[PDB]
Structures are given as structure tokens and as C-alpha cells.
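> Below is a structure I'd like to ask you about.
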Amino acid sequence: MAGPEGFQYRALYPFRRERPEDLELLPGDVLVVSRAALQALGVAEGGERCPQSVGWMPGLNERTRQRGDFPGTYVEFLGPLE
């Protein structure tokens, strides 16, 4: 309606937080990321659809309700936040 507020990723494989400031990934669980975060990383418009090309990204996890940087290699792409 108004526009894309952000994008959603989804963890495919379970990996425990290596560091307290690391974000945990569980299979099937969704991670919510805003446009501001991706733009702060310097992502090209149409690159976010390939998270492994961006690397570690700051977002919100559903199962843990925690916030931090997750390795965007074990995650799939869901779509834009509208």
C-alpha cells in the first residue's frame, strides 16, 4: 500500500550463537529486517534477495525474540515487508 518497509529472511539450518552478540538460526524460523539496516550495510537494490551475497546482517529472530547480526548464508529469502 504505502511501500516496502523492509525484507524477510528465513533460517534453513540450526546453528547456535557463536558469540553473545551473534544471532541464532533455527530451521523454518523467520527473521525480520528493515530497509534502514540493509541500506546501512550498503546493499545494491536487488541484492538483498541473495543474503549470502551480503553476509552477516542485523535483524530480529522469531523463535528467540532476540536481536543481532546473523550469518545470512544459512537463510532463504521470503520477500518485502508491506
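Every chain in the C-alpha cells has a letter given in the order shown (A, B, ...), and although residue numbers restart at 1 in each chain, ligands are simply numbered from 1 in the order shown.
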Near range 53-61 of chain A, within 6 Å and counting only C-alpha atoms, which residues show up once chain neighbours fewer than 3 positions away are dropped, as a PyMOL selection string?

chain A and resi 31-33+50+64-72

> Apply DSSP to the structure's backbone, then extract all residues of range 2-65 of chain A labelled strand (DSSP E or B) and return them as a PyMOL selection string.

chain A and resi 6-11+15+22+25+30-34+56-61

> Residues of chain A in alpha helix (DSSP H) according to DSSP, as a list in words?

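Reading the DSSP output for chain A, alpha helix (DSSP H) covers residues 35, 36, 37, 38, 39, 40 and 41 of chain A.
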
> Please provide as a ChimeraX atom specification all residues within 12 Å of residue 78 in chain A, with the sequence filter that same-chain residues fewer than 6 positions apart are discarded (counting only C-alpha atoms).

/A:6-12,28-33,48-51

> Compile the contact shell of residue 2 in chain A as a list in words: residues with an atom at most 12 Å away, counting only C-alpha atoms, same-chain residues fewer than 3 positions apart removed.

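So the residues in contact are residues 5, 81 and 82 of chain A.
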
> How about saving the chosen residues, C-alpha atoms kept, as a compact mmCIF listing (two decimals), in the first residue's frame?


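The file below, selection29.txt, is the result:
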```txt
# COMPACT_ATOMS: atom_id res chain seq x y z
CA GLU A 5 9.31 -1.14 4.94
CA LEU A 81 7.67 -6.05 4.24
CA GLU A 82 4.41 -4.34 3.21
```

> Let me make sure I understand: among A:79, A:62, A:73, A:1, which one has the smallest atom-to-atom distance to residue 26 in chain A if we use only C-alpha atoms?

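The shortest atom-to-atom distance to residue 26 in chain A comes from A:62.
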
> Nearest residue to residue 25 in chain A out of A:38, A:47, A:52, A:74, using only C-alpha atoms?

A:74

> Between CA of residue 75 in chain A and CA of residue 4 in chain A, what is the distance, to one decimal in Å?

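According to the coordinates, CA of residue 75 in chain A and CA of residue 4 in chain A are separated by 20.1 Å.
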
> Mind giving me the straight-line distance from CA of residue 44 in chain A to CA of residue 13 in chain A in Å, one decimal?

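Pair CA of residue 44 in chain A / CA of residue 13 in chain A returns 25.9 Å.
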